[PDB]
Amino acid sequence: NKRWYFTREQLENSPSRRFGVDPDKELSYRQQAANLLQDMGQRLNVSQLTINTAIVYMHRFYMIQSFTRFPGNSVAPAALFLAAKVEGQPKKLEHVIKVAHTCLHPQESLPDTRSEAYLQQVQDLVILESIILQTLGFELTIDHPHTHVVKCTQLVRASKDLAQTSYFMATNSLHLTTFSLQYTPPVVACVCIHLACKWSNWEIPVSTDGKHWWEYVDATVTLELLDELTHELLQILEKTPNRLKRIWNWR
């Protein structure tokens, strides 16, 4: 029930930490997996929802396994392969292998689909999907912050622009933070919308009753936690080259 939610201290004592992997290093391995997921995903022509789902698989998977044992470059393809079947956009195993390969090795060229080397890496992926399902305890139904952002942003008539920026923050929270391991999706959504508003210099007006916009999204959410969380997300956004540029007002 609160199985896949973790404290800051459980996030410190990760499986990766046992095997020597620095905290900061781990955060990168997560971001690189996320990146590889997004790259493979756009080429494979699956939805952002599938990529998001695969990203959460990755995130959970490394709270149980270690990066020192399962490299993100091996786990990411298999996770996306699974996620695409689970999200109803199945892609063929040969197909995910071919795309995973071109992303990891733009220069090399795919082995012979007849060889013992290609026949192997197909099995490695099939074995890894199996290891992922077992690590996740077959819990494949993932709830994403986006669902809840798109709810609220309408029920406050945000500009098309503010809504897009909220979706943006949502997706980027999956690549850049471990929020999906720490906070429920509706809360993550509030963080996304709150930061989006601060960034677009948009103020959402206190509903007629006296309640703040967020209390219509999650009873637990305080403005103290919203400010703490947007600051974290904003900071990692600023460290990430070219991201903020995408939502920046150049006018």
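Note that the rigid core is defined as the largest set of C-alphas that superpose within 1.5 Å between two forms. A residue's number is simply how far along the shown sequence it sits, counting from 1.
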Higher C-alpha RMS shift from the shown form in 6 other deposited structures of this protein - 143 to 151 or 83 to 91, rigid core fit: 143 to 151
RMS CA shift, core-fitted in 6 other deposited structures of this protein, bigger for 167 to 175 or for 152 to 160: 152 to 160
Between the two ranges 109 to 117 and 145 to 153, the one averaging a larger CA B factor in the entry: 109 to 117
Segment of higher mean CA temperature factor, 163 to 171 or 120 to 128: 120 to 128
Given 48, 32, 200, 220, the residue at which the Cα B factor reaches its maximum: 220
Peak C-alpha temperature factor (PDB record), options 212, 43, 194, 60: 212
Residue 158 - which third its CA temperature factor falls in, relative to the rest of the chain: highest
Chain-relative CA temperature factor third for residue 232: middle
CA B-factor ranking of residue 240, expressed as a third of its chain: lowest
Chain-wide C-alpha B factor ranking for residue 67, given as lowest, middle or highest third: middle
Where the record places residue 6 (Cα B-factor, split into thirds across the chain): middle
